[PDB]
Number of protein chains: 6
Amino acid sequence: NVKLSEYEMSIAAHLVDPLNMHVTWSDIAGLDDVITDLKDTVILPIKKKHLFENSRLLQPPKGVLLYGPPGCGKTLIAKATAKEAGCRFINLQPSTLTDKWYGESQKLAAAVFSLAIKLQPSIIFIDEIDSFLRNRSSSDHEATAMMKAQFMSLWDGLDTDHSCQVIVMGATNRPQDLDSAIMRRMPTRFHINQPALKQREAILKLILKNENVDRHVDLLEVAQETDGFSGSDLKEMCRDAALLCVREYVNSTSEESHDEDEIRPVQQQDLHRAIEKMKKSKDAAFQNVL
Amino acid sequence: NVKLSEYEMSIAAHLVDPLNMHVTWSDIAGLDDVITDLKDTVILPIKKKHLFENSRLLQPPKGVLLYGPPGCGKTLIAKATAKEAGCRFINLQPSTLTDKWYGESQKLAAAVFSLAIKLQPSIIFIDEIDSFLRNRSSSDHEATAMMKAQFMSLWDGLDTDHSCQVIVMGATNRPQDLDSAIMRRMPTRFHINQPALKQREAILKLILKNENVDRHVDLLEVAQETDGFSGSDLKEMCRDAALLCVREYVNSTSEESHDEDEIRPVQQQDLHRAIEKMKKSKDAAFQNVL
Amino acid sequence: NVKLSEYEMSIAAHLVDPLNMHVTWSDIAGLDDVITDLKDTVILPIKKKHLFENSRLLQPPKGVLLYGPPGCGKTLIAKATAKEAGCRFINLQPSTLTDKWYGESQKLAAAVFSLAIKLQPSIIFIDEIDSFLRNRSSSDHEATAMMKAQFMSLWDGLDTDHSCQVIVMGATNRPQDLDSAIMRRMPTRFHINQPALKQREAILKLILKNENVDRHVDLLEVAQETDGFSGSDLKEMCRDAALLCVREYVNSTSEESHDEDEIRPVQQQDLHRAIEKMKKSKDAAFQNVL
Amino acid sequence: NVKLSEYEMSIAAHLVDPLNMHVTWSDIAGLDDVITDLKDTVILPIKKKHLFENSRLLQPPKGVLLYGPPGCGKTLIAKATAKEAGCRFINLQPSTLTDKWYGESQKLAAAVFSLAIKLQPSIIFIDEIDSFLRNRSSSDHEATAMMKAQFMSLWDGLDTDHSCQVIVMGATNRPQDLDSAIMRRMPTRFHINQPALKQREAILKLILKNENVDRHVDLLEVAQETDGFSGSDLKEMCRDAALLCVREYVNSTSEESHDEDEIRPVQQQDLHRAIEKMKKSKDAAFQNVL
Amino acid sequence: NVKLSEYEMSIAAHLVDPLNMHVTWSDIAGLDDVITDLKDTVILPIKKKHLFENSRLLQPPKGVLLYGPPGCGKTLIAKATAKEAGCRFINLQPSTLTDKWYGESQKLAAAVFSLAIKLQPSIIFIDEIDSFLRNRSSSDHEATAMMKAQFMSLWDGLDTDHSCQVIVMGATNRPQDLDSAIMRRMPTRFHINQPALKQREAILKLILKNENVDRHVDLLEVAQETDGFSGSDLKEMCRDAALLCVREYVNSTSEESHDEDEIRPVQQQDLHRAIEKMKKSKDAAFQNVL
Amino acid sequence: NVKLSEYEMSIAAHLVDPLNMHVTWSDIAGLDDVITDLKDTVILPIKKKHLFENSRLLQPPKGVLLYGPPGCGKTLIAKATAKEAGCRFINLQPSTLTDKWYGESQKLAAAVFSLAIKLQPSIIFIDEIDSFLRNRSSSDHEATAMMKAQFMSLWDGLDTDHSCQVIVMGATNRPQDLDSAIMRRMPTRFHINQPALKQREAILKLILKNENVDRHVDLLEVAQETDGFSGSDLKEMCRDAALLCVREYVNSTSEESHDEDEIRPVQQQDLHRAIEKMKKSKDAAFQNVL
Ligand SMILES: Nc1ncnc2c1ncn2[C@@H]1O[C@H](COP(=O)(O)OP(=O)(O)OP(O)(O)=S)[C@@H](O)[C@H]1O
Ligand SMILES: Nc1ncnc2c1ncn2[C@@H]1O[C@H](COP(=O)(O)OP(=O)(O)OP(O)(O)=S)[C@@H](O)[C@H]1O
Ligand SMILES: Nc1ncnc2c1ncn2[C@@H]1O[C@H](COP(=O)(O)OP(=O)(O)OP(O)(O)=S)[C@@H](O)[C@H]1O
Ligand SMILES: Nc1ncnc2c1ncn2[C@@H]1O[C@H](COP(=O)(O)OP(=O)(O)OP(O)(O)=S)[C@@H](O)[C@H]1O
Ligand SMILES: Nc1ncnc2c1ncn2[C@@H]1O[C@H](COP(=O)(O)OP(=O)(O)OP(O)(O)=S)[C@@H](O)[C@H]1O
Ligand SMILES: Nc1ncnc2c1ncn2[C@@H]1O[C@H](COP(=O)(O)OP(=O)(O)OP(O)(O)=S)[C@@H](O)[C@H]1O
């Protein structure tokens, strides 16, 4: 029902659909405290905004930054917040603004915020935000400065309107590189920390929850052996274990075994061997370093 | 037994026949690790799908991409997987979709996936996938955009149905050209690497396996001298050697030699000379470059 | 009077004739500033070259690229420049170089520039230049690389000769796809922009100039209502209006009306209804998108 | 009253007679929108040309191409336009130009257009236009090239004369085969589409209009059952039904029935059985395919 | 001794006789490298097939295509291979399959391959192969599709039988027109190139070999002056020279010259004048083009 | 004569040719002191290295960095040094290393320095060096770290070998962004400063040196009025002046002026007006800022 210019139709294409996203609060673990903080601060003003207006403050923050090591679940939480918020979420990947030839860039940068302002409430997200305004070339440097100026001016415009309903969000793996202008902005900042021992156990429980598992698995030992890994690496370790079991099954089946079609369930030794091989992969990477 | 529209009958024509294909796992070498990975990941869920459903994951990937230099055996492995999988394989060459005149295009793009969905399990393949959605003309640009949108929408539809049984596959020689939409899709990606020294020796063994060969041939030297070549070039080098032997035989026979009808077997010097001439052909190409 | 090889006779066939082309400077509107820039920079050195040689610079650019959305008049301006320049113009459509079988390709790529160099001054044009060197197949990839190398080498040859008199030109609808080699070449680049409100009014004046029009038509309202369209769509909108008037005339004539043979002139309501129906067609396209 | 050379008298023989043609606008159905477009664009300028000259444009198109699957009524509409236009219509079947021996060919190709130009207004038609310039032999290839060059040159001549009054038309079943030269020509192109459900019902109404029919026939069911057919096949299905009724009549009459000489009128069951047998014929063709 | 159906007797009529063919390897020049390749690849497996079976490969190719400009000797080499191979050669001119009325077509297409399979080894040839499956008419289109399907199915049947001994061959002047199905077939392809300077000298030597020639003729100059011609044109140029000498002889004899009955031998000036007149004929053709 | 791996052949393609570069010491002005420093320090050890080895020091620096505002001539001086040095110059644009998919990256980074080490003496250059090791993505971050480590390790390797003959060079517009690792490297650093009043006058003299100029031009006033510009802007200002003169010439010629074909020479008022218009362009940019 929104009225659009060619620019705003271009932005409308990047808008995500809440009916095709998958992840939810039920599909996240190991961050539940940060989950609680993010939910309470961001989602609550978004969903029922009029409730929180009787205050100069606790108005939804004009900037949210997620910072944490790679593989800690930053993109996962971005998607989960986008879906669970129930609002409109724009994924503003860098190519959207680094228009190398067209003066169309200025109106396009304007149109991003224009569509966001039309669609109230809505959330803007920038993955790899450190790279957002850095690309340079003979045709881009002056245009890069113009894009910088326009983006901060429109951000200040969002700040200026007391009736604004839109938030801007970002993620990054090496956040120190962020420009001082960003550092002065993005007031509220949430650390997506690596999972501790208990958090690692929670992560393993979430992953294994709908795997085929023998009840007598003990995970805390797996939690210790996995302490060197990140969340994505935890996922990939459960991967190596499952595929290892599948390999041994297929190799045993070929030797004239009966066609029962049933597999050995996940057992402690499986994850032990998988973790050893995962550490071997890390060791290959380290030898490449050494 | 399938019920078809004119579109689906048109697609049914492109469907390959598992009774006329030749190549098998017994006719591939130098990639056995990638062969193992492809087999385990793709074929196993395809053949006995119900076995792998007790998991949110290890479900057959929604996209498989093969990337490797020309002549490394990408088409060979595509055919080998198609036959060995035992499923239905559709070869979706570009002309199938670049309908330049008929609005029939939309229904045809729909019918490809329609037939694939009817035929469960089945695999879709696109050779030269980089060129799949690039052809342009005065009558094609808008239709090209429509085809793009429809193909990704139907791909998302395959993703949406948890009961989907169909995979889509692609190959390409210059894969960097691939559109970012493809890059975001095709999660699992297998590198068809060039044969290393040991892999090259394996390739030569496979080729010579049913040639007429003197046992005292030594190949590792041939492996080193062939290191500059690709697999197709290895094949063509064995070609030049065999034909060279045939030429010398016929020239010796004409000079009043007895009609014994027996040829000199493959010997080291034959492949040495053939490889030298092959490098001479490469040198002619290089001089054309220079 | 030129001496030709079979290749150069093949190229000579594609050469356009300045006596059968139609469009002129008198038949172009809405771009007059870009028209002025193109005329001054390109045509002036072409026609009276010796005038501009007393300078290391302002020599005709070694590459001209036209970039603008579809329907903005890129082909029209290409033809207009070709005719008005009075020089020889070669339309180098892609099929000229994508010779799929003959080694004739190399000599053919050479012959294009050979004929251009013989015919001084002359202009080379490549519509859909992005597709110029992209077509690929089992028989084409290596030949594609050879064609690439030859074309840039001959372009560098044109650059090398200070007495060169030939220009190369190109057009494209999605120019970002252009190879970085092209981006490094084609120094002077002209944007064929969409018509603004005043430019749109000029376009409508040009189209209606020799239509049958009632003087009391007001166009600025038509200019606003047409702002969503492109130039080709402006042309097609005047189309729908004229044909609508013809339809109502023929339907009124059949009902025993006198045989006066005179039609209702173009009036505001005609274009209003035609524009509404044109927007309805755009709406049908949008619903197909939605 | 025209003055003729032997060539032009030969062409004059192929000219059709508007007093012996049968079909009219009253004898066509299922295409009425395409009928309207063709009528408005082609016939109106033809009949009262001076009316449309006060425009650079909407002048009768220099080429009309009809493309549609076999049996969709392309020849029928060609004849209907020829008669209803009231102009002179030349049926230029391929043999007219593939003169295998006589240098008479050149003057004959000239004479076709010569007679057309003398006879203003007139329409040239080429059925199976894809085959028009393809026949080859030891005595024909060079002559084939000459014929190609002459035909496009004379077509360009028709384009050149602003006072030209003649149109050229063509039809084809596999139009993709058309040479790129044709594709660049023939600007206006009309799709003779297959009849949709409503169009199929209209076709059946047209066919049955002057058959002997019981009023309680219901056709929409026949329309659905006939959806697999083409227009010619619809005609042939009404054929099988009528002849089936005649067969049962004659077989019932021979058994000492009274000589009343009256037949069972067309009823639903008749067309049901006829359509079943028609689908059986299609099934025999399919089994031949299978 | 073969057992035949009416169809196979009809095909047996087209079979050529190795005792009435003329041309041989001793009567071909200017292609000796392509001659060597064709001989080695085709003839050797044909004549002594059991010699080459100890290999999955170097089995006679399932398709040979000859492509080259008109007059380069394609038919000559076809005949030479047919005779020198010593096998049975079938000349499958297009009329053999374009049966316009009889359902006999299907069995006839079957019978071609049936006789070929009975007669082992044998070679099938199709001149003007591009026209092989293109002829169309109201009575032919569906039959054309049936013929296409049958021919590729029987070709696949030849591919399927590892004991097959028959080859299929084709020639064409404009081979790009070939259907993609053919392009996917016919693996081995030999280019019948135009004669280069040395090849042209060889051609002239072959032609003059048994003419009456003065030893002091120099041909390399004739080779340069003839470079614009093709092989057939070289033959026809030697023609014009010989007939020119005969004309001058007869004109000198009539003027009361003695009845010695001896002619001036071929000398340089004769071929010089003949080549000038030949170029004059080419010039007349060019002026017709211009 | 160098022996190359596929990687080193890929690098060999980027190597520039000293026979096609244009600029020289004779084509640079306004930096002659920095020119002298660069020449003495870099070129002298490069050309006659054995002369400078009798010292632990004044060995060619292991890193040269050029830093200056955009348009000050950094690329010009890079090219001038590359040509005048007479050595081999590699232009290492960022895409060479940001290989997004292939493990080929590691060997490619090695091959850059490998070819440089083989080709002694040679100079490596990185334009936009700040962006050299910054690009990031899901597939690049770990590879980015690996590339960083490899590049500094190979740089340390160049430092380690006392017989090293290769230099590495870089340029950048916003050099503060440079990583601290770079800051610790690149010992010798040359500032490409903006032209002062005298330097600006020298720049104008260089540009006008082979323009058509009236001797009574006074430049110091032009030098003051141009003080706000950069070198590229100085060039573009001389541009606007020359083109302005050409425009007035062409407009005066059309009005029935005699065909003398002579233009008004460059005069003070021309540059005055051109500079005013240039400042107007700067003012438009400023208003966009404001
Ligand atoms: N706490 C968690 N709960 C569930 N999944 C997690 C968690 N942490 C990480 N993951 C997994 O990590 C994956 C991807 O890693 P992410 O950290 O979300 O991506 P990322 O943060 O963008 O890393 P990069 O380097 O920026 S691409 C998903 O497949 C998640 O399942
Ligand atoms: N590992 C291998 N084992 C057996 N044959 C191989 C192998 N690698 C390459 N080949 C041969 O390579 C051939 C064709 O090369 P492919 O790499 O399969 O085709 P391709 O990948 O499509 O190359 P292009 O450039 O895309 S056509 C076949 O004849 C194979 O026998
Ligand atoms: N400024 C203009 N003045 C006159 N005609 C114009 C103008 N802009 C567009 N047109 C019309 O646009 C037509 C064709 O559109 P073009 O833009 O020239 O073709 P194009 O740029 O090649 O578009 P594509 O997508 O590349 S085929 C012609 O019929 C012109 O009359
Ligand atoms: N819409 C229609 N109205 C009336 N008759 C139709 C219609 N469509 C097809 N026909 C019948 O179709 C017949 C012949 O088919 P056509 O399509 O006109 O011939 P065609 O297009 O040349 O087919 P081919 O394959 O080219 S011979 C005539 O007998 C018509 O009566
Ligand atoms: N290398 C050659 N050696 C001998 N005769 C040749 C040679 N090349 C061409 N000819 C002559 O060319 C003749 C006929 O030309 P061909 O090329 O064999 O026929 P073609 O290839 O079918 O041409 P078309 O256009 O297809 S009929 C014969 O009379 C040959 O003597
Ligand atoms: N001192 C100078 N002498 C001659 N030409 C100069 C001088 N300074 C700048 N230029 C001109 O400046 C041009 C390009 O500007 P450069 O400064 O060399 O490029 P640059 O340093 O890469 O700028 P960017 O922003 O990095 S693309 C060339 O056309 C030179 O002619």
# chains A, B, ... in the order shown; residues from 1 in each chain; ligands from 1
>>> residues_near_ligand(ligand="ligand 1", cutoff="10 Å", atoms="only C-alpha atoms and all ligand atoms", output="ChimeraX atom specification")
/A:23,25-32,35,66-79,127-128,171-174,192-195,199-200,202-204,206-207,230-236 /F:136-142
>>> residues_around(residues="residue 111 of chain E", least_positions_apart="5", cutoff="9 Å", atoms="only C-alpha atoms", output="PyMOL selection string")
chain E and resi 5+7-8+10-11+106+116
>>> write_last_selection(atoms="N, CA and C atoms", output="PDB file, in the first residue's frame")
ATOM      1  N   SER E   5      13.999 -56.357 -47.711  1.00  0.00           N
ATOM      2  CA  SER E   5      12.616 -55.953 -47.886  1.00  0.00           C
ATOM      3  C   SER E   5      12.530 -54.917 -49.003  1.00  0.00           C
ATOM      4  N   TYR E   7      11.794 -51.949 -48.900  1.00  0.00           N
ATOM      5  CA  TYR E   7      12.533 -50.776 -48.449  1.00  0.00           C
ATOM      6  C   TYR E   7      14.027 -50.959 -48.675  1.00  0.00           C
ATOM      7  N   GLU E   8      14.563 -52.098 -48.237  1.00  0.00           N
ATOM      8  CA  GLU E   8      16.000 -52.319 -48.326  1.00  0.00           C
ATOM      9  C   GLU E   8      16.454 -52.482 -49.770  1.00  0.00           C
ATOM     10  N   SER E  10      15.024 -50.739 -52.126  1.00  0.00           N
ATOM     11  CA  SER E  10      15.059 -49.341 -52.545  1.00  0.00           C
ATOM     12  C   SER E  10      16.364 -48.681 -52.120  1.00  0.00           C
ATOM     13  N   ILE E  11      16.807 -48.938 -50.889  1.00  0.00           N
ATOM     14  CA  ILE E  11      18.087 -48.397 -50.440  1.00  0.00           C
ATOM     15  C   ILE E  11      19.230 -49.027 -51.223  1.00  0.00           C
ATOM     16  N   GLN E 106       8.487 -43.982 -42.395  1.00  0.00           N
ATOM     17  CA  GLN E 106       9.053 -44.537 -41.170  1.00  0.00           C
ATOM     18  C   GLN E 106       9.867 -45.790 -41.463  1.00  0.00           C
ATOM     19  N   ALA E 116      22.443 -50.630 -43.765  1.00  0.00           N
ATOM     20  CA  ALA E 116      23.789 -50.293 -43.316  1.00  0.00           C
ATOM     21  C   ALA E 116      24.296 -51.297 -42.286  1.00  0.00           C
TER      22      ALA E 116
END
>>> closest_residue(among="C:62, C:209, C:277, C:215", to="chain D", atoms="only C-alpha atoms")
C:209
>>> residues_around(residues="residue 274 of chain C", least_positions_apart="4", cutoff="10 Å", atoms="only C-alpha atoms", output="ChimeraX atom specification")
/C:236-245,268-270,278-280
>>> residues_around(residues="residue 90 of chain C", least_positions_apart="2", cutoff="7 Å", atoms="only C-alpha atoms", output="ChimeraX atom specification")
/C:14-16,88,92,123-125
>>> write_last_selection(atoms="N, CA and C atoms", output="compact mmCIF listing (two decimals), in the first residue's frame")
# COMPACT_ATOMS: atom_id res chain seq x y z
N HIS C 14 28.56 -5.13 -43.28
CA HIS C 14 27.89 -4.58 -42.11
C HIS C 14 27.92 -3.06 -42.10
N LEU C 15 28.81 -2.45 -42.89
CA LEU C 15 28.90 -1.00 -42.93
C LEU C 15 27.57 -0.40 -43.33
N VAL C 16 27.14 0.62 -42.57
CA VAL C 16 25.86 1.26 -42.84
C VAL C 16 26.03 2.30 -43.95
N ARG C 88 32.09 6.95 -41.72
CA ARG C 88 31.67 5.57 -41.92
C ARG C 88 31.43 4.91 -40.57
N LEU C 92 28.79 -3.42 -35.10
CA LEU C 92 29.49 -4.67 -34.80
C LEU C 92 28.68 -5.50 -33.80
N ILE C 123 33.79 5.22 -37.33
CA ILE C 123 33.36 4.98 -35.96
C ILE C 123 32.89 3.54 -35.85
N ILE C 124 33.37 2.84 -34.82
CA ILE C 124 32.95 1.48 -34.51
C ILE C 124 31.98 1.54 -33.34
N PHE C 125 30.89 0.79 -33.44
CA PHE C 125 29.86 0.76 -32.41
C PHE C 125 29.56 -0.67 -32.02
